[PDB]
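Shown here is one chain on its own, the form deposited in one PDB entry, set out as C-alpha cells.
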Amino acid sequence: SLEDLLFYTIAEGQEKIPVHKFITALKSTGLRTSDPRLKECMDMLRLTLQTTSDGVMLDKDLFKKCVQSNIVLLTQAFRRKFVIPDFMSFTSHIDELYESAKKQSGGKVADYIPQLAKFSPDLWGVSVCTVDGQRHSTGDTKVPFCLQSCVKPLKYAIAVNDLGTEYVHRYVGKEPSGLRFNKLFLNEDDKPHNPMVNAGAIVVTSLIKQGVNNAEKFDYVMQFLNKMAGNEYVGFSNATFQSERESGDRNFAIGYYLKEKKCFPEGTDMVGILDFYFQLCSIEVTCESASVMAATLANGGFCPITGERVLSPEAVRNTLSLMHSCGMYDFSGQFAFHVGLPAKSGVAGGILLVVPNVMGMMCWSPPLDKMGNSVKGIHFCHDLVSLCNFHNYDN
C-alpha cells in the first residue's frame, strides 16, 4: 500500500522506524511539526509516547494508524512534489544572503517617535513561508514590531473582498502618483492617486465595515488578519499607538484635505477614522506571521498552512497589481527595475515580499536609509533576485 511504500522509503532495509527518525525526516523537507494540517498526526504520536518510558518502534500498525488521518499531504511532501523540491538549498541561499546583508551597516533608526528609536541597530531577521507550507527563519524573527505601512495592502485587499473592485475604486485611483507618500494632492477627479499613498490609505480605511464603531472595526480587521496569518502572532502596541496618534500632524492635514474634497463615503467620521488608521498601523507582528500573511497573498487568497480561503481571487489580483506599481512609492519604478516583485516597506524596518505562486517573505531591520527603507532589507531584496532569478521579466 501507499503507507507501506512510505514506510519503506523512510526505512533503510530495516524492520522498525523510530519516531525521532520520522520527525527528522519530516522536518528536513521544510514542514513544521506545529502545522495545523498535521495536528491530529502529532496528537497520536503523543498518545504513543504516553506508554513507553523512552522511545517507541513503529513497524506496520502504529505508523499506519498515525498516518491514516488526512493522508494526502505526506505523500506529496515525501515525493518531492511541492513547489520547492529541495528547501534545504533555498534555505542555505537565504542564510548566505542574510550573512551578506548583515555586514552592511550604517543607517538611521527612525526617531520621530520614541518607540521606534529604541531598537538596537543590529536586529536583523528574515522569514520565508512557501505557498505549500514550507517555512524557514533566520535571525531575530520573533521580536514584535509594528507593521506601520505594511498594513496598507492588507487593508485594501479586505475592502475589495467585502465590497468589490468597482465600488472600492469608485473612491481611490489606480495609477502611480509620481511624488512622495505624504504629499497633499489628488488625481484628476479629486481622488487619491492610489490606495498605497497615505491619502488613499486613509480613504480605504473608511470603506471597511462602515456604520459600526471602532471597537467592531478593529475586531473585524483583527479577525481577518488572524486567519490571514494562519493564527500566528498578531498584536497591538499601545505605547506605539499613543506616540503615533500624537505625532501625526501630516496625516491630520491629509485627513482634513480629503474631508474638504468629499473623498469619503456618506456618513463617515473622519477623526475617528484617522484614529482607527493609527490603530491599524500599531498592529504588531513578527517575521513569522508576516511571512505567512505574504504567503496568503501570494498563493490564491487561500492560507498556506491552513488551506482556508480568506480573500477573493479579485482581491489578491488587485492587491498585487497595485503593490507592484505603488509599493515603494516614487521608488517603485526603480524597485521594479531591479527586483520586479510585489513588495511593501515600513519605517519600523520590515519588507513584505510576495513571489506569486512561490512564497511570502518578511525582512526586518530597524535602521533605515534616506528613502525610508531598511538598508539590510533592500540589500537582501536586491541580492535575492540576482542570485535566484525571481524578477518577473526574467526568462
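Quick note: we count residues from 1 along the sequence shown, nothing fancier.
From this point on, the text means the form deposited with a small molecule bound, which you will not see here.
For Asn198, a non-hydrogen atom is located within 4.5 Å of the small molecule in the entry with it bound, even though that partner is not displayed. At the 4.5 Å threshold, heavy atoms of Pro342 stay clear of the small molecule in the entry with it bound, well away from it. Contact check for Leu297: no non-hydrogen atom falls within 4.5 Å of the small molecule in the entry with it bound. Within 4.5 Å of any heavy atom of the small molecule in the entry with it bound lies no heavy atom of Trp124. Of the candidates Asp162, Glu232, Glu244, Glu284, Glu244 is the one whose heavy atoms come within 4.5 Å of the small molecule in the entry with it bound; the others do not. Only one of the listed residues (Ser149, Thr91, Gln115, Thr141) places a non-hydrogen atom within 4.5 angstroms of the small molecule in the entry with it bound, and that residue is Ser149.
In summary, the region of this chain contacting the small molecule in the entry with it bound, judged by heavy atoms within 4.5 Å and restricted to 65-73, 29-37, 359-367, 344-352, corresponds to 344-352. Within 4.5 Å of the small molecule in the entry with it bound, a heavy atom is found for none of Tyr171, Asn194 and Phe276.
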